[PDB]
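Chains as they are written, first to last, in the numbering used here: chain A, 147 to 158; chain B, 147 to 158; chain C, 1314 to 1415.
Some notes on the structure that comes next.
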Amino acid sequence: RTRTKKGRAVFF
Amino acid sequence: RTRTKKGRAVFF
Amino acid sequence: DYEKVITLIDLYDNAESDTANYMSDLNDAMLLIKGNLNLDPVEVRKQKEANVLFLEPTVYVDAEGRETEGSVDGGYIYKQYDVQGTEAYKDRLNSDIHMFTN
């Protein structure tokens, strides 16, 4: 069962 | 069980 | 000679120090980023020199097995003021100070 995965902001 | 998490405004 | 226009000299002082406050106190522009996300304040320092900005939205999982994406958004915002009306006003003050004193 998958669970809420928090997003990411990346600038490379 | 997750609960309401209040948002944040940040200026870095 | 200027006794009758001191009040306009006051008004022009007040207007220009108002614009000088507007300049001092508000940020010219900022990179607005919305939505549920993780930003590392160490990584934010690359903001000047990065080429690609990648926003990956948080995925919410429902108890019945559904999955759905948060709304990320990102873009520049910049301060603005009514240049037209304030400059037409200050040009009127300057013009009238000169007119009433020949």
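Idealized CB from N, CA, C, for every residue including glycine.
- Of all residues in the stretch 1347–1364 of chain C, only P1354, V1357 come within less than 7 angstroms of chain B when Cβ atoms are compared, listed by chain position.
- Secondary structure of C:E1369 (DSSP, three-state): strand.
- Nearest CB-CB separation between C:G1388 and chain A: not below the 8 angstroms threshold.
- Listed by position along chain A, the residues whose Cβ is nearer than 9 angstroms to that of C:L1368 are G153, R154, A155, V156.
- Within a 10 Å sphere around the beta-carbon of C:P1354 sit fewer than 16 other beta-carbons, which makes this residue exposed.
- Within 10 angstroms of the beta-carbon of C:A1376 lie fewer than 16 other beta-carbons, which makes it exposed.
- In this structure, C:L1406 places its C-beta atom within 8 angstroms of the C-beta atom of C:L1324.
- A:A155 counts as buried, since no fewer than 16 other beta carbons sit within 10 angstroms of its beta carbon.
- Annotation: C:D1341 to C:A1363 spans about 20 angstroms, alpha carbon to alpha carbon.
- In the displayed model, A:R154 falls within a strand according to three-state DSSP.
- Distance from the CA atom of C:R1379 to the CA atom of B:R149, rounded to whole angstroms, is 18 angstroms.
- Remark: C-beta atoms of C:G1388 and C:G1348 do not approach each other more closely than 8 angstroms.
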